[PDB]
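Peer 1: Take this structure first; my questions come after.
Don't worry about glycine lacking a Cβ; one is built from the backbone with ideal geometry, like all the others, and counts go over all protein chains shown. Please treat every number below as a calculation from the coordinates, not as lab data.
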DNA sequence: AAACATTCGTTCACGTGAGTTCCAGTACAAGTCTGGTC
């Protein structure tokens, strides 16, 4: 972002779907359950920028969580 | 001759080692879900 501001736009990197136990996935779902929004290809959100791979449901970055990927 | 102390074989309680059953931790293998491209 411009100096002294929070990030506004995001660029997709990759899907990850392994490395979490069932309980961790349940807790993550409960945390982010309220903030999921349906994804419409015709009116994509401004904050998230995607290529050919698009999600079924998108969550605004302000309410999401950081994940470590190996 | 009578009273008191000592000794002996017995008795009970409590502690420790070996055998047996049951359950938790560990290991390994297979199944299931996922990711990426061409």
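Peer 1: In the stretch A:13-55, what residues are surrounded by fewer than 10 Cβ atoms within 10 Å (Cβ to Cβ) and touching a strand residue (DSSP E or B) at 6+ places or on another chain (Cβ under 8 Å)?
Peer 2: Selection gives A:38 alone.
Peer 1: Another question, then. Return the total of residues in the stretch A:40-59 being under 22 Å from residue A:69 (Cβ atoms) and either in a helix (DSSP H, G or I) or away from DNA strand B (no atom under 13 Å from the Cβ) (or both).
Peer 2: Residues of the stretch A:40-59 under 22 Å from residue A:69 (Cβ atoms): A:47-59.
Those still in the list that are either in a helix (DSSP H, G or I) or away from DNA strand B (no atom under 13 Å from the Cβ) (or both) too: A:47-49, A:57-59.
Residues that pass the stated criteria total 6.
Peer 1: Please enumerate the residues belonging to the stretch A:1-27 that are part of a loop (DSSP other than H, G, I, E, B) and more than 15 Å from DNA strand B (Cβ to nearest atom).
Peer 2: Matches in the stretch A:1-27: A:1, A:2, A:3, A:4, A:5, A:6, A:7, A:8, A:9.
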